[PDB]
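The next block holds one structure in the form of C-alpha cells; read it before the comments.
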Amino acid sequence: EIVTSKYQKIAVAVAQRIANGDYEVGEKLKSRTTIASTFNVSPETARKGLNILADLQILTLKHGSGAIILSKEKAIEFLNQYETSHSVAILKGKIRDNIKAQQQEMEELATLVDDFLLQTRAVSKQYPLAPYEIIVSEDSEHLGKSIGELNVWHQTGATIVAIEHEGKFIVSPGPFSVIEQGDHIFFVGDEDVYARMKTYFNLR
Amino acid sequence: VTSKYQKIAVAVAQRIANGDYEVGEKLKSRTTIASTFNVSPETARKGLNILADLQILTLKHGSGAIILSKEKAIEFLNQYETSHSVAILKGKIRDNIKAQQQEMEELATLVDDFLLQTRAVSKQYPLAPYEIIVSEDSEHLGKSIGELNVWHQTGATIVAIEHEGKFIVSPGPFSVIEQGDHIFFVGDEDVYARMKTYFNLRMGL
Amino acid sequence: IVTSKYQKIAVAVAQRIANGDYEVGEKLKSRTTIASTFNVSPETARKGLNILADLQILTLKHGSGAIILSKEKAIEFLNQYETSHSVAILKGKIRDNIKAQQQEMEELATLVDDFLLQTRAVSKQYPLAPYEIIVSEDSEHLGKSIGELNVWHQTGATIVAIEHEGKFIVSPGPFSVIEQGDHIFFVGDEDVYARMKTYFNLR
Amino acid sequence: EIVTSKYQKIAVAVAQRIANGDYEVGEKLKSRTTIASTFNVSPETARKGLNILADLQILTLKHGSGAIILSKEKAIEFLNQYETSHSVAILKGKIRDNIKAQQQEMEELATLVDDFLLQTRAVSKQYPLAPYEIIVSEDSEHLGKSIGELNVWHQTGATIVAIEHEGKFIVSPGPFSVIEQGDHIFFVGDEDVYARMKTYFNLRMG
DNA sequence: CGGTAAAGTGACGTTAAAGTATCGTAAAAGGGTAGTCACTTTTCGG
DNA sequence: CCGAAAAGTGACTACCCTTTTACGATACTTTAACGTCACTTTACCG
Ligand SMILES: Nc1ncnc2c1ncn2[C@@H]1O[C@@H]2COP(=O)(O)O[C@H]3[C@@H](O)[C@H](n4cnc5c(N)ncnc54)O[C@@H]3COP(=O)(O)O[C@H]2[C@H]1O
Ligand SMILES: Nc1ncnc2c1ncn2[C@@H]1O[C@@H]2COP(=O)(O)O[C@H]3[C@@H](O)[C@H](n4cnc5c(N)ncnc54)O[C@@H]3COP(=O)(O)O[C@H]2[C@H]1O
C-alpha cells in the first residue's frame, strides 16, 4: 500500500511543525541528539533528515551549531507541495496496483481460454447423444413455473431431459417440475431450438 | 523507459543553472550526492558522468566535482526535457489508455464469436438415453406420443425416434411410433422396465 | 482449482471403455505408447492411468499393461467428471472475467483523469527566463497603460507580469498601468531587452 | 504463429490423401523410408505420424505389410474434425496476442506514470514562472488565424510567450504570428486561464 | 578584562545490513531419433 | 511344388535434446548507526 522513507517521514513532520508555527522563523535549534531522542531514532538518523531541508533553503545550520528557520512562505510551499504530491504518490500507487491486478485478471483469462478450448475438444470427443444445457440466471416471467405450465415444447421446440437445482439432478422431469432462477436446463433439439430457449429465458 | 539517475542529473543541473552552485564551486562528489539525493554512489557517479560528457562539470579531481559552465547546464535542461516526455508524457499516457480500450473492444468481440461458435453445451452425463426397438405387436403402435401420453404411462422422456433409418430429435406429441422404430428416451432402470413392458417387449433380456 | 491433461487422458480412456471399444478383458498399450499417442509425458499418462486405478477402472499390477476392470465404473467416473469439470460454467467464468476487466479499466480511466487534471498544465524549463527591469527613472511612458503604450509594437517585448508595491499581476492585459518603481517582467531576446531599457530611460 | 507437431502435420497430409482416394482402402501404405522421401522428412517422424493415425483408427499396421487403409467414412469424419478444432485453437491463440500486447502497454503505462510523478515534483521546483504548454492538436475554428485576429488575451486571459511550430520557437510572437494545428502554445496566467485556453482550442479531451 | 585552550555537543560522512528484484541454472516434460526385434515375402534348392 | 532361409520392412523402445518454468543466489539500493571532526562556549591564567 503506502510506504514513504523514514528520513522523509521525519523531514515532513518537522517541516509541518515549522509551517504550523511551532518553530518560528529565526528560532534557534542546537539539536541533533535531543530531537533524535524525541523521535526514538539514532542521533545520526536525525541529520539524515535535516540537511535535506537546508539545501532546500528551509533552515540554516552552521557547522557544530543549531538550525535557524529561514523562510515561512517557502517552508509552507514545500510542505504543501510535498503532502499534496504524496497524494499524487498515493494516486500513482493505486494506478500501479490497478494495472498489476488487471495483468492478474488477464493471466487468469489466458488460462481460462486455453482450458475452454481443451474442454471443447475433450467434450466433442464422445458424442453418444449430447443434449443442450442453459443456466436460467436472468429475471424472466418463465421462472417459478412448472414445465407443463410453461408448455415448453410448444413454446421453444425443446425437450427437457434434466433439471439441475442446487447441484442436484432430476432426469425425465415431467410437467410438474418447477424451473427456478439459477437452475440448469438440459434439453434436446437443434441449433434453432437452442436459440429459442435462450431468448425464451432472457439469456444472451 | 528511464531511471532516477536522469533525475539526479536534472536536479544538479537545475542547481547549477539557478546559481545555487556558484560558477566554479566544488561538490564532495559521491559522498555529497548520496547524502543529498539518497541515491547510491554507484548510480550517482554515472549521473555526474552525464554532465561530464556534456562538459557541465569535470571530475578529474578525485576530491569532488568541479562545476564548469552555467550556460551549458541551461542548454542541457532544454534539450533533455524536449527529447523526453513532460506535456508529451500526459499525451502518451492518454494514447496508451485509449489503445488499451480499443484492444479490449477487439477482445470482447473475439470472445463473442468464440462463445457463440459453441452453438450448444453438452454434458455426456450417464443421462445418455436408453434405446428400444419396438419390434413386437402392440396396441400402442400407430399412435402419436401425445395420444399415448408417454411420460404419464412410463416415466420416460423420448428424445428421438428413428424411423426408416431417419432420426427426429425432440419429437413432440404429434410424432407417431411405428413398428420397428427405435425409441431413444431418458429415465432410470425402472423407466426402462416400464417402457419395455408398455411396448410388449417382455421377451428381451 | 482445475487444470490437467491427465484428466483429459482419463476421460478419453474411460469413454472408450464405457462405449465398449475397450472390452473388459482387454489390456491397454504400454504407458509409453499412450503417452506418445496423447502427445504428452509418460509421467502425465502415469497420472491418468493412476486416476482410473484409484477409481478401480484399471489395475496395473502387470508390466505388460493395464487390464480393464469395470465398464459401469467407467460410466460412474464420467458422471463425476462432468460434475467436477463443468462446461458452460467455464464459459460464464470468462464472461465474468471480461466484465471485471472492463470495470477495472473504467476505474483506471477516471484515476488518470484526476491525475492529469492536477490543477494546471506543466513546464519545459526553457531559456524563456523572463527579463526584469525596474522603471525607477522619469519617463513619459510612466502613468500609462500597456495598451496605451502599445508596448509590443514599441519594443518587441511581451510583458508577462507587473510587480507594483511588492504585489504581482500575471498576464496583465492592456489596461494594467505601469507606474514609477514598478518591475516589468517580459520575454524577448537581448535586443528586446535593450529596447525596453532605452524605452523606459534606464540608460 | 502455428505450432502443430510435425507428426500431426504428417498424419493430416496422409489422411487427406486417403480421403481423396489417392491411397485406396485396400492399398497398402508400404515403404516407410519411401514415405519419408515423399516429404523429404525423417522416416521416424513419418512412422509416428502414421502411428497416431493408426491409434485414431484411420489405418491398420502389421509387420511386412504397409499401413492398410481401414475406413473411408471415419477417416473423412476425422479429417473434418481436425479442420474445425484446429481453427478453433488458432482463434484461441489470437486472444493471447491481445492479452500480451495489453500486458506490455500496462508495463509501459506503469513506467509512464512513475515518470509522470517524477516530472510533477521536478516542475514543482520552478523559478519565477512556468508557462502552461498546450498542444493544439484538435480541429478548431481558431486554427489558421493570427494571435491578433483571435484577440487571444481578451478571449481567454492568456498572454502567449512563445509558439512552437515544426519544432521551431518564436518568442514574444506578436499579433501577426499564426497558430496552426499541432503547434505548442506557451502562455502565462493561472489555472482558470489554462481552463479557458483548453476550452477555446477544443481540447476538452474528455 | 582579554585571550587561549579544552571540552562537549552537533553534524556529516562513510560503511553495513536487510530486503527485494532480476537473472541464471537446473530440472522436468514433451516430442523427435536411431537401434533393435520380429514377421512376411521372395527366391532357391530339393 | 513346397519348404526353408535370408533379406527387407514394418513394429517397438529406450533415449536424447530442447524448451519452459521455478527456485535460488547474488546484487543493488536504501536506510541507519558508529565514528570522527569542527565549532562554540566556558573557565582559567596572565
Ligand atoms: N418427448 C416426449 N416424451 C414423453 N412423453 C411425451 C413427449 N412429448 C409429449 N409427451 C406426452 O404427451 C403429452 C403432451 O405433450 P405436449 O408436448 O403437447 O405438451 C407438453 C409440453 O409442452 C410440456 N412438457 C412436459 N414435459 C416436457 C419436457 N420434458 N420438455 C419440454 N416440454 C415438456 O408440458 C406439456 C404437458 O406435458 P405432459 O407430460 O403432461 O404430457 C405430455 C406427455 O405425456
Ligand atoms: N502574446 C499575446 N498573447 C495574447 N494575446 C495577444 C498577444 N499578442 C497580441 N494579442 C492579442 O491581439 C491584440 C493586439 O495585439 P497587439 O500586439 O497588436 O497590440 C497590443 C500590444 O501592443 C499591447 N499589449 C497588450 N498587452 C501586452 C503585453 N502583455 N505585452 C506587451 N504589449 C502588450 O497593447 C495592445 C492591445 O492589447 P490587447 O490585449 O487589447 O489586444 C491584443 C491581444 O488580445
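As shown in the C-alpha cells, the chain order sets the letters A, B, ...; within each chain, residues go from 1, and ligands are also counted from 1 in the order they appear.
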Nearby residues, ligand 1, 7 Å, only C-alpha atoms (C1' of nucleotides) and all ligand atoms, as a ChimeraX atom specification: /A:147-154,158-161,172-175 /B:145-152,156-159,170-173
Produce a file of the selected residues containing N, CA, C and O atoms, as a compact mmCIF listing (two decimals), in the first residue's frame.
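Output saved as part.txt:
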```txt
# COMPACT_ATOMS: atom_id res chain seq x y z
N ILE A 147 -42.85 -26.98 -15.87
CA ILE A 147 -42.64 -27.27 -17.29
C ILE A 147 -43.97 -27.36 -18.04
O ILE A 147 -44.10 -26.87 -19.17
N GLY A 148 -44.97 -27.96 -17.40
CA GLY A 148 -46.28 -28.08 -18.03
C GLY A 148 -47.01 -26.76 -18.10
O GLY A 148 -47.70 -26.48 -19.09
N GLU A 149 -46.90 -25.94 -17.06
CA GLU A 149 -47.49 -24.61 -17.07
C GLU A 149 -46.90 -23.77 -18.20
O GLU A 149 -47.63 -23.05 -18.91
N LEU A 150 -45.59 -23.86 -18.39
CA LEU A 150 -44.94 -23.16 -19.50
C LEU A 150 -45.28 -23.78 -20.84
O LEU A 150 -45.27 -23.07 -21.86
N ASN A 151 -45.58 -25.08 -20.87
CA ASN A 151 -45.83 -25.79 -22.13
C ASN A 151 -44.60 -25.75 -23.03
O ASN A 151 -44.67 -25.46 -24.22
N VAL A 152 -43.44 -26.10 -22.43
CA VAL A 152 -42.13 -25.77 -23.01
C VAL A 152 -42.00 -26.21 -24.47
O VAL A 152 -41.61 -25.42 -25.32
N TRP A 153 -42.30 -27.49 -24.77
CA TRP A 153 -42.06 -27.97 -26.13
C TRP A 153 -42.79 -27.10 -27.16
O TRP A 153 -42.25 -26.80 -28.23
N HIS A 154 -44.02 -26.70 -26.86
CA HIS A 154 -44.79 -25.87 -27.78
C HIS A 154 -44.28 -24.43 -27.87
O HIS A 154 -44.56 -23.74 -28.87
N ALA A 158 -38.08 -27.40 -27.57
CA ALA A 158 -37.13 -28.17 -26.78
C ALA A 158 -37.80 -29.29 -26.00
O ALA A 158 -38.91 -29.13 -25.48
N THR A 159 -37.09 -30.42 -25.87
CA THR A 159 -37.47 -31.49 -24.96
C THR A 159 -36.46 -31.49 -23.82
O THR A 159 -35.27 -31.77 -24.03
N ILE A 160 -36.93 -31.12 -22.63
CA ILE A 160 -36.07 -31.07 -21.45
C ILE A 160 -35.81 -32.49 -20.95
O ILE A 160 -36.75 -33.26 -20.71
N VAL A 161 -34.53 -32.82 -20.85
CA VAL A 161 -34.15 -34.17 -20.35
C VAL A 161 -33.82 -34.12 -18.86
O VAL A 161 -33.94 -35.17 -18.21
N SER A 172 -35.73 -36.82 -16.66
CA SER A 172 -37.09 -37.09 -17.14
C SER A 172 -38.10 -36.37 -16.26
O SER A 172 -38.91 -37.00 -15.57
N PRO A 173 -38.07 -35.03 -16.25
CA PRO A 173 -38.67 -34.28 -15.13
C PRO A 173 -40.19 -34.24 -15.12
O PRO A 173 -40.77 -34.04 -14.05
N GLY A 174 -40.85 -34.37 -16.26
CA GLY A 174 -42.29 -34.28 -16.29
C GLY A 174 -42.82 -32.86 -16.19
O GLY A 174 -42.08 -31.89 -16.02
N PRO A 175 -44.15 -32.72 -16.27
CA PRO A 175 -44.78 -31.40 -16.35
C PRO A 175 -44.85 -30.66 -15.03
O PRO A 175 -45.12 -29.44 -15.04
N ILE B 145 -47.17 -39.78 -29.85
CA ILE B 145 -46.65 -39.69 -28.49
C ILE B 145 -47.65 -39.01 -27.57
O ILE B 145 -47.82 -39.41 -26.40
N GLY B 146 -48.34 -37.98 -28.07
CA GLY B 146 -49.34 -37.30 -27.27
C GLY B 146 -50.57 -38.14 -26.99
O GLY B 146 -51.12 -38.09 -25.88
N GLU B 147 -51.04 -38.90 -27.98
CA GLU B 147 -52.15 -39.81 -27.76
C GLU B 147 -51.79 -40.85 -26.71
O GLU B 147 -52.62 -41.20 -25.86
N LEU B 148 -50.56 -41.36 -26.76
CA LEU B 148 -50.11 -42.34 -25.79
C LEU B 148 -49.92 -41.72 -24.42
O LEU B 148 -50.05 -42.42 -23.41
N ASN B 149 -49.61 -40.42 -24.38
CA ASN B 149 -49.33 -39.73 -23.12
C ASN B 149 -48.12 -40.36 -22.42
O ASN B 149 -48.14 -40.63 -21.22
N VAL B 150 -47.04 -40.56 -23.20
CA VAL B 150 -45.96 -41.49 -22.81
C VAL B 150 -45.41 -41.20 -21.42
O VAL B 150 -45.27 -42.13 -20.62
N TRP B 151 -45.04 -39.95 -21.11
CA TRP B 151 -44.40 -39.69 -19.82
C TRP B 151 -45.27 -40.15 -18.66
O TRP B 151 -44.77 -40.69 -17.67
N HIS B 152 -46.59 -39.94 -18.76
CA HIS B 152 -47.50 -40.36 -17.70
C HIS B 152 -47.70 -41.87 -17.65
O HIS B 152 -48.08 -42.39 -16.60
N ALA B 156 -40.96 -42.04 -18.99
CA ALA B 156 -39.90 -41.78 -19.95
C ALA B 156 -40.08 -40.46 -20.67
O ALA B 156 -41.21 -40.07 -21.00
N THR B 157 -38.97 -39.79 -20.95
CA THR B 157 -38.97 -38.63 -21.84
C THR B 157 -38.26 -39.03 -23.12
O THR B 157 -37.05 -39.32 -23.11
N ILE B 158 -39.02 -39.10 -24.22
CA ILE B 158 -38.46 -39.50 -25.51
C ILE B 158 -37.66 -38.35 -26.10
O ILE B 158 -38.17 -37.23 -26.23
N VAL B 159 -36.42 -38.66 -26.47
CA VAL B 159 -35.54 -37.61 -27.04
C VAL B 159 -35.51 -37.70 -28.56
O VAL B 159 -35.29 -36.67 -29.20
N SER B 170 -36.24 -34.35 -30.50
CA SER B 170 -37.24 -33.52 -29.83
C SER B 170 -38.59 -33.70 -30.53
O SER B 170 -39.14 -32.75 -31.11
N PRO B 171 -39.16 -34.91 -30.48
CA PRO B 171 -40.22 -35.27 -31.45
C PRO B 171 -41.57 -34.59 -31.23
O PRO B 171 -42.33 -34.47 -32.20
N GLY B 172 -41.91 -34.19 -30.01
CA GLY B 172 -43.20 -33.61 -29.75
C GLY B 172 -44.34 -34.62 -29.76
O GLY B 172 -44.17 -35.81 -30.03
N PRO B 173 -45.55 -34.12 -29.46
CA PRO B 173 -46.70 -35.01 -29.25
C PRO B 173 -47.30 -35.57 -30.52
O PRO B 173 -48.08 -36.53 -30.44
```
Using only C-alpha atoms, find each residue of chain A with at least one atom at most 10 Å away from an atom of chain B; report its shortest atom-to-atom pair and that distance in Å (one decimal), sort the rows by chain and rising residue number, and return the result as JSON lines.
```
{"residue": "A:5", "atom": "CA", "partner": "B:38", "partner_atom": "CA", "distance": 9.9}
{"residue": "A:7", "atom": "CA", "partner": "B:38", "partner_atom": "CA", "distance": 9.4}
{"residue": "A:48", "atom": "CA", "partner": "B:35", "partner_atom": "CA", "distance": 7.4}
{"residue": "A:49", "atom": "CA", "partner": "B:35", "partner_atom": "CA", "distance": 9.9}
{"residue": "A:51", "atom": "CA", "partner": "B:36", "partner_atom": "CA", "distance": 7.9}
{"residue": "A:52", "atom": "CA", "partner": "B:36", "partner_atom": "CA", "distance": 6.1}
{"residue": "A:53", "atom": "CA", "partner": "B:36", "partner_atom": "CA", "distance": 9.8}
{"residue": "A:55", "atom": "CA", "partner": "B:36", "partner_atom": "CA", "distance": 8.0}
{"residue": "A:113", "atom": "CA", "partner": "B:111", "partner_atom": "CA", "distance": 9.1}
{"residue": "A:116", "atom": "CA", "partner": "B:115", "partner_atom": "CA", "distance": 9.6}
{"residue": "A:117", "atom": "CA", "partner": "B:114", "partner_atom": "CA", "distance": 9.4}
{"residue": "A:120", "atom": "CA", "partner": "B:118", "partner_atom": "CA", "distance": 8.2}
{"residue": "A:123", "atom": "CA", "partner": "B:122", "partner_atom": "CA", "distance": 7.3}
{"residue": "A:124", "atom": "CA", "partner": "B:122", "partner_atom": "CA", "distance": 8.5}
{"residue": "A:126", "atom": "CA", "partner": "B:124", "partner_atom": "CA", "distance": 7.4}
{"residue": "A:127", "atom": "CA", "partner": "B:124", "partner_atom": "CA", "distance": 7.4}
{"residue": "A:128", "atom": "CA", "partner": "B:128", "partner_atom": "CA", "distance": 6.7}
{"residue": "A:129", "atom": "CA", "partner": "B:128", "partner_atom": "CA", "distance": 6.0}
{"residue": "A:130", "atom": "CA", "partner": "B:122", "partner_atom": "CA", "distance": 5.1}
{"residue": "A:131", "atom": "CA", "partner": "B:122", "partner_atom": "CA", "distance": 5.3}
{"residue": "A:132", "atom": "CA", "partner": "B:121", "partner_atom": "CA", "distance": 5.5}
{"residue": "A:133", "atom": "CA", "partner": "B:121", "partner_atom": "CA", "distance": 5.5}
{"residue": "A:134", "atom": "CA", "partner": "B:121", "partner_atom": "CA", "distance": 7.7}
{"residue": "A:153", "atom": "CA", "partner": "B:172", "partner_atom": "CA", "distance": 6.8}
{"residue": "A:154", "atom": "CA", "partner": "B:172", "partner_atom": "CA", "distance": 8.1}
{"residue": "A:157", "atom": "CA", "partner": "B:170", "partner_atom": "CA", "distance": 7.0}
{"residue": "A:158", "atom": "CA", "partner": "B:170", "partner_atom": "CA", "distance": 6.2}
{"residue": "A:159", "atom": "CA", "partner": "B:170", "partner_atom": "CA", "distance": 5.3}
{"residue": "A:160", "atom": "CA", "partner": "B:157", "partner_atom": "CA", "distance": 8.1}
{"residue": "A:161", "atom": "CA", "partner": "B:186", "partner_atom": "CA", "distance": 6.6}
{"residue": "A:162", "atom": "CA", "partner": "B:127", "partner_atom": "CA", "distance": 8.2}
{"residue": "A:170", "atom": "CA", "partner": "B:187", "partner_atom": "CA", "distance": 9.4}
{"residue": "A:171", "atom": "CA", "partner": "B:187", "partner_atom": "CA", "distance": 6.0}
{"residue": "A:172", "atom": "CA", "partner": "B:157", "partner_atom": "CA", "distance": 5.3}
{"residue": "A:173", "atom": "CA", "partner": "B:157", "partner_atom": "CA", "distance": 8.0}
{"residue": "A:174", "atom": "CA", "partner": "B:151", "partner_atom": "CA", "distance": 6.8}
{"residue": "A:175", "atom": "CA", "partner": "B:151", "partner_atom": "CA", "distance": 9.0}
{"residue": "A:186", "atom": "CA", "partner": "B:122", "partner_atom": "CA", "distance": 8.4}
{"residue": "A:187", "atom": "CA", "partner": "B:170", "partner_atom": "CA", "distance": 8.6}
{"residue": "A:188", "atom": "CA", "partner": "B:170", "partner_atom": "CA", "distance": 5.8}
{"residue": "A:189", "atom": "CA", "partner": "B:170", "partner_atom": "CA", "distance": 5.2}
{"residue": "A:190", "atom": "CA", "partner": "B:169", "partner_atom": "CA", "distance": 7.7}
{"residue": "A:191", "atom": "CA", "partner": "B:119", "partner_atom": "CA", "distance": 6.4}
{"residue": "A:192", "atom": "CA", "partner": "B:119", "partner_atom": "CA", "distance": 9.5}
{"residue": "A:193", "atom": "CA", "partner": "B:170", "partner_atom": "CA", "distance": 9.3}
{"residue": "A:194", "atom": "CA", "partner": "B:120", "partner_atom": "CA", "distance": 7.0}
{"residue": "A:195", "atom": "CA", "partner": "B:119", "partner_atom": "CA", "distance": 8.5}
{"residue": "A:204", "atom": "CA", "partner": "B:116", "partner_atom": "CA", "distance": 9.8}
```
Contact residues around residue E:42 with only C-alpha atoms (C1' of nucleotides) at 12 Å, ignoring same-chain residues under 3 positions, as a PyMOL selection string: chain F and resi 4-8
Taking only residues of chain D that have an atom at most 7 Å from an atom of chain A, what is each one's shortest atom pair and its distance in Å to one decimal, using only C-alpha atoms, in chain and number order, as CSV?
```
residue,atom,partner,partner_atom,distance
D:85,CA,A:121,CA,6.9
D:89,CA,A:117,CA,6.6
D:92,CA,A:113,CA,6.6
D:96,CA,A:110,CA,6.7
D:99,CA,A:106,CA,6.2
D:103,CA,A:103,CA,5.9
D:106,CA,A:99,CA,6.1
D:110,CA,A:96,CA,6.0
D:113,CA,A:92,CA,6.7
```
For the selection just defined, write its residues with N, CA and C atoms to a file, as an mmCIF file, in the first residue's frame.
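Result file follows (result-v6.cif):
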```
data_model
loop_
_atom_site.group_PDB
_atom_site.id
_atom_site.type_symbol
_atom_site.label_atom_id
_atom_site.label_comp_id
_atom_site.auth_asym_id
_atom_site.auth_seq_id
_atom_site.Cartn_x
_atom_site.Cartn_y
_atom_site.Cartn_z
ATOM 1 N N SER D 85 -11.587 -28.035 -35.257
ATOM 2 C CA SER D 85 -10.919 -27.786 -33.956
ATOM 3 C C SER D 85 -9.604 -27.012 -34.104
ATOM 4 N N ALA D 89 -8.554 -23.605 -32.236
ATOM 5 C CA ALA D 89 -7.313 -23.392 -31.460
ATOM 6 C C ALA D 89 -6.587 -22.131 -31.937
ATOM 7 N N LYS D 92 -8.170 -19.237 -30.426
ATOM 8 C CA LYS D 92 -7.695 -19.140 -29.016
ATOM 9 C C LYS D 92 -6.331 -18.444 -29.010
ATOM 10 N N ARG D 96 -4.571 -14.454 -27.142
ATOM 11 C CA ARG D 96 -3.239 -14.478 -26.481
ATOM 12 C C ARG D 96 -2.430 -13.263 -26.943
ATOM 13 N N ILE D 99 -3.918 -10.238 -25.055
ATOM 14 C CA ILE D 99 -3.519 -10.157 -23.617
ATOM 15 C C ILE D 99 -2.040 -9.762 -23.527
ATOM 16 N N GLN D 103 -0.739 -6.400 -21.712
ATOM 17 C CA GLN D 103 0.173 -6.510 -20.545
ATOM 18 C C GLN D 103 1.401 -5.641 -20.822
ATOM 19 N N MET D 106 0.555 -2.087 -20.307
ATOM 20 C CA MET D 106 0.368 -1.836 -18.852
ATOM 21 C C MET D 106 1.749 -1.631 -18.230
ATOM 22 N N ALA D 110 2.807 1.743 -16.471
ATOM 23 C CA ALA D 110 3.394 1.859 -15.140
ATOM 24 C C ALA D 110 4.635 2.739 -15.165
ATOM 25 N N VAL D 113 3.609 6.472 -15.773
ATOM 26 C CA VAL D 113 3.041 7.201 -14.640
ATOM 27 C C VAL D 113 4.075 7.425 -13.537
#
```
Neighbourhood of ligand 2 at 9 Å, counting only C-alpha atoms (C1' of nucleotides) and all ligand atoms, reported as a PyMOL selection string: (chain C and resi 145-161+170-176+186-187) or (chain D and resi 146-162+171-177+187-188)
Exercise: stretch 23-39 of chain C partners within 12 Å, only C-alpha atoms (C1' of nucleotides), chain neighbours under 6 positions left out, as a ChimeraX atom specification: /C:5-10,12-17,45-50,57-74 /D:4-8,45,48-57 /E:29-32 /F:12-14
9 Å contact set for residue B:153, only C-alpha atoms (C1' of nucleotides), chain neighbours under 6 positions out, as a ChimeraX atom specification: /B:194-195,198
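In this comparison, which uses only C-alpha atoms, the residue of A:44, A:166, A:115, A:138 approaching residue A:203 most closely is A:138.
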DSSP strand (DSSP E or B) residues within stretch 17-173 of chain C, listed as a list in words: residues 27, 58, 59, 67, 68, 131, 132, 133, 134, 144, 145, 158, 159, 160, 161, 162, 163, 164, 167, 168, 169 and 170 of chain C
Atoms kept (N, CA and C atoms) for selection, written as a short mmCIF file (atom, residue, chain, number, x, y, z; two decimals), in the first residue's frame:
```cif
data_model
loop_
_atom_site.label_atom_id
_atom_site.label_comp_id
_atom_site.auth_asym_id
_atom_site.auth_seq_id
_atom_site.Cartn_x
_atom_site.Cartn_y
_atom_site.Cartn_z
N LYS C 27 -6.36 -55.68 -22.53
CA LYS C 27 -5.24 -54.93 -21.98
C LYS C 27 -4.99 -53.68 -22.80
N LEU C 58 -9.03 -49.67 -13.70
CA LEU C 58 -7.89 -50.40 -14.23
C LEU C 58 -7.01 -50.82 -13.07
N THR C 59 -6.23 -51.86 -13.31
CA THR C 59 -5.20 -52.30 -12.38
C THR C 59 -3.92 -52.45 -13.18
N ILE C 67 -5.12 -53.65 -17.32
CA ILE C 67 -6.26 -54.51 -17.62
C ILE C 67 -7.54 -53.77 -17.26
N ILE C 68 -8.55 -53.86 -18.13
CA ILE C 68 -9.80 -53.15 -17.88
C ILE C 68 -10.55 -53.89 -16.77
N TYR C 131 13.02 38.52 -18.67
CA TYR C 131 13.83 39.61 -18.16
C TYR C 131 13.02 40.42 -17.15
N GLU C 132 13.73 41.15 -16.30
CA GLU C 132 13.12 42.04 -15.31
C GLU C 132 13.80 43.39 -15.38
N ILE C 133 13.01 44.46 -15.48
CA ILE C 133 13.53 45.82 -15.31
C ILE C 133 12.72 46.53 -14.24
N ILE C 134 13.35 47.50 -13.59
CA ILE C 134 12.69 48.35 -12.60
C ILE C 134 12.61 49.75 -13.18
N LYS C 144 1.00 55.26 -17.70
CA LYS C 144 0.25 54.87 -18.88
C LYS C 144 -0.03 53.38 -18.83
N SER C 145 -1.11 52.97 -19.48
CA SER C 145 -1.42 51.55 -19.55
C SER C 145 -0.61 50.87 -20.64
N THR C 158 6.95 41.13 -24.84
CA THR C 158 5.67 40.65 -24.31
C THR C 158 5.79 40.63 -22.80
N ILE C 159 5.03 41.51 -22.15
CA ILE C 159 5.04 41.61 -20.69
C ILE C 159 4.25 40.44 -20.10
N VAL C 160 4.90 39.70 -19.20
CA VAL C 160 4.25 38.58 -18.53
C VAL C 160 3.75 38.94 -17.14
N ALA C 161 4.31 39.95 -16.49
CA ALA C 161 3.87 40.32 -15.15
C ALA C 161 4.35 41.73 -14.83
N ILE C 162 3.58 42.41 -13.98
CA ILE C 162 3.98 43.66 -13.35
C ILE C 162 4.03 43.44 -11.85
N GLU C 163 5.10 43.91 -11.21
CA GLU C 163 5.20 43.97 -9.76
C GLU C 163 5.02 45.42 -9.34
N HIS C 164 4.04 45.66 -8.47
CA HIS C 164 3.70 47.00 -8.02
C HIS C 164 3.50 46.93 -6.52
N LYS C 167 3.46 43.47 -5.06
CA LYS C 167 2.38 42.58 -5.45
C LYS C 167 2.46 42.33 -6.95
N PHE C 168 2.02 41.16 -7.39
CA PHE C 168 2.19 40.74 -8.77
C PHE C 168 0.85 40.61 -9.48
N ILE C 169 0.82 41.05 -10.73
CA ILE C 169 -0.26 40.75 -11.65
C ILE C 169 0.35 40.01 -12.83
N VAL C 170 -0.10 38.79 -13.05
CA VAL C 170 0.38 37.94 -14.14
C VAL C 170 -0.60 38.02 -15.30
#
```
Chain A contacts to chain F at 7 Å (only C-alpha atoms (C1' of nucleotides)) as a ChimeraX atom specification: /A:42,44-45,63-64
Neighbours of chain E in chain D at 7 Å, counting only C-alpha atoms (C1' of nucleotides), as an MDAnalysis selection string: chainID D and resid 44:45 63:64
Neighbours of chain A in chain E at 9 Å, counting only C-alpha atoms (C1' of nucleotides), as a ChimeraX atom specification: /E:9-12
Within 8 Å of chain B, which residues of chain C come that close, and what is the closest atom pair and distance in Å for each? Count only C-alpha atoms and give it as JSON lines.
```
{"residue": "C:75", "atom": "CA", "partner": "B:126", "partner_atom": "CA", "distance": 6.5}
{"residue": "C:76", "atom": "CA", "partner": "B:126", "partner_atom": "CA", "distance": 7.5}
{"residue": "C:78", "atom": "CA", "partner": "B:125", "partner_atom": "CA", "distance": 6.6}
{"residue": "C:79", "atom": "CA", "partner": "B:125", "partner_atom": "CA", "distance": 5.1}
{"residue": "C:82", "atom": "CA", "partner": "B:123", "partner_atom": "CA", "distance": 6.3}
{"residue": "C:87", "atom": "CA", "partner": "B:121", "partner_atom": "CA", "distance": 6.6}
{"residue": "C:88", "atom": "CA", "partner": "B:121", "partner_atom": "CA", "distance": 6.2}
{"residue": "C:91", "atom": "CA", "partner": "B:115", "partner_atom": "CA", "distance": 7.0}
{"residue": "C:98", "atom": "CA", "partner": "B:108", "partner_atom": "CA", "distance": 7.4}
{"residue": "C:102", "atom": "CA", "partner": "B:104", "partner_atom": "CA", "distance": 7.9}
{"residue": "C:105", "atom": "CA", "partner": "B:101", "partner_atom": "CA", "distance": 7.8}
{"residue": "C:109", "atom": "CA", "partner": "B:97", "partner_atom": "CA", "distance": 7.3}
{"residue": "C:116", "atom": "CA", "partner": "B:90", "partner_atom": "CA", "distance": 6.7}
{"residue": "C:121", "atom": "CA", "partner": "B:87", "partner_atom": "CA", "distance": 7.6}
{"residue": "C:122", "atom": "CA", "partner": "B:87", "partner_atom": "CA", "distance": 6.4}
{"residue": "C:123", "atom": "CA", "partner": "B:86", "partner_atom": "CA", "distance": 7.6}
{"residue": "C:124", "atom": "CA", "partner": "B:81", "partner_atom": "CA", "distance": 6.1}
{"residue": "C:125", "atom": "CA", "partner": "B:78", "partner_atom": "CA", "distance": 6.2}
{"residue": "C:126", "atom": "CA", "partner": "B:78", "partner_atom": "CA", "distance": 5.4}
{"residue": "C:127", "atom": "CA", "partner": "B:74", "partner_atom": "CA", "distance": 7.1}
```
